Every structure is written in structure tokens, then in C-alpha cells.
């Protein structure tokens, strides 16, 4: 089996509560209908705390000009990469192995574009071996954590086929608040309310996966085994979510139809996942969502609610997903790892969890990424 053997996450350090966002908005823009509507919505997201790499007194929030794309890149390098290094180091510490033994690095972000990519820098910071096998995923957004898991899972199975040890570091790093000034400016000029301003926060998170070959005493035993992962792209959904490039960074388009789409896509993806899993596809009970633990990427509050109802679950089933959302908001590709961390921590402290766990996240496409994890 391929197993998860290390987990860690690191939210940015500075709170970006509703009062903080309002202060930023009103500092730079006079009252307009879109500004007032955004601020009203901002207080109703049911997010208690979001985090930014930028403190309230940082020039990012006070400067009169919108950051150039080059500045946005430099800010990601300055603030995002250290967050990623820390999360990665901590996941390697959780694993217990040595950086030298990492054979694969699978990285993901949708808040930076660079050549070389941030994964290259991370190899140096962490002291990974010169022949570590890197993949930097692009284009997927909120689907990215599970996507990285899917990719790493199969790469590790490939090493199992060769009979050699493999250990993958998965690293997700997102600094969406870098683009907050640009988004505010676009909202003011167009008067199109952009709820991205209300939902997103900064975070990095990491996993270590193992193919179980060449296990050493220093290594943590499997936390979960990864049984199967399956993506689905849905026709007729292209316009639903976009993160489009422009002169001052990326601009988010978040269609109001996402929660309703979620309610239809998630159960369809679940059925498809189970159907594609030979060890489970034949028994009828395996097609009942309540027979599994669940972790759902919280694209927004209404996304959790839509998934919850459509799958026949309770809010308590998704407690860890609501908790992650409430304390950190939507941190894009990192959120699913934050939720896994919460679930792991609860189990350590005595919680009763089911033996199978389903991960699900809606990403650009529209794509649904899923995975099934099992208790060892």
C-alpha cells in the first residue's frame, strides 16, 4: 500500500477578520454599492478567522498603488516560500525520516507563476537530494491538494512496480492575499461584487507519503492507506469558476451556481469513485456516503452545506471541514491537508472515526478530485 506517514500545516500569522478587511477597503475606496454589498457578505461567511502573510501595518495594505505582477511574484517568494518550507519541514519531522530519503516532490499553487517554480527553491531550503523527482502542478486551484495526492499515489505505485523505496513530499502553498489589492480595485471599477475578497486566506501545508518499501525504524507507521483516487471533469461547466491572468495578477470569478453544482457533482463523483475501486465496487453498502468518514474542501459555507445535504450526512460528520473553514477560511489547495491534520489529531486524542475516509474537492474545470483513504 501507499500510505500517508507525515502531515503538517501552517497558516499565515496575521488575522484578517471582518474589521480588518473593512479597514483596508475603506482606507482606499469611497462607499459604492458593490463595496457595501461585499462588506455585508463578508460578515456572513461564518469564517471566524482568516490569515494573511501581511500584518495590519504592512505596506501591502497602506500603499496607494496596486502591486505589479512582478511585485506579487516577489511577495510570494518572500512570504509564501518560507511558509511552504516550514510546513514541509514540519511534515518531514512528523514522518521522522531524513530529507535525503525523499525521492519525489509534488508541489501545487495557484497564487504564483515562476520559472523556476517554487518547488525548485524548496529543494534547496530543505536540503533535498540533487536527483529528487519534482512535479509542480498548475491550473487546478481548489482541487490541488487532492490532485497532488492522486499524482503522488501513482508515482509511488510506479516505484513499487520497480521494487524500490519511494517517499513523496506533497507541498501546497497559497498566498491569495497577495492579490487582495488588485481584486478590491477591480471590484470598485466594475462594481461586480467579488466574494473572493471574503473567503480566501494564506496557508501552506504538506504530506509525506510512502510506498512502504525499505521501511526504517525512524519512520512513522501509516496513518492512512490511500486506496484509490479518481478525478471527474463535468461538461458544460467551463464558465463556473476561473482564476484569470491580467496585468496585476490573477482575478477570481466565482459563479453563484457553485453550491448547486456541488450538490450534483459530489454524489456523482462518489459513486464513480466506489465503482472504480475493485475492492469495494461490488457491495451495496459501499455506495452509502454515511458508511464513510468525509473531508470536503470548504469552497465556501454554502458548498459544505450543499455537499452535506446531497450526501445524506450531518454537520457533525463534516465537523473537521467546518472547523477548518471557520478557522482559516478557504485556503485553496491546502485546506484538505488542514482537515486531514485535524482528523489525525482528533484520533490521537481518542475520537471514534470510521475505517474508510473520502476526500472530495471541487476545482477548476469544473473538476471533482476524490480519494478514498483507509485505516491501517
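Numbering follows the first chain given and starts at 1.
- In this entry, 21 to 29 shows the higher mean Cα temperature factor of the pair 363 to 371 and 21 to 29.
- Taking the PDB entry as given, 342 to 350 carries the higher mean Cα B factor of the two stretches 342 to 350 and 38 to 46.
- The residue among 297, 134, 256, 181 whose C-alpha carries the highest B-factor in the deposited model is 256.
- Set against one another, the Cα B-factors of 168, 305, 173, 240 in the record reach their highest point at 240.
- Among the modelled residues of the chain, residue 125 sits in the middle third by CA temperature factor in this PDB entry.
- The PDB entry assigns residue 315 a C-alpha temperature factor belonging to the middle third of its chain's modelled residues.
- Ranked by C-alpha B-factor against the other modelled residues of its chain, residue 147 falls in the lowest third.
- Compared with the other modelled residues of the chain, the Cα B-factor recorded for residue 192 ranks in the highest third.
- Annotation for residue 70: C-alpha temperature factor in the middle third relative to the rest of the modelled chain, per the entry.
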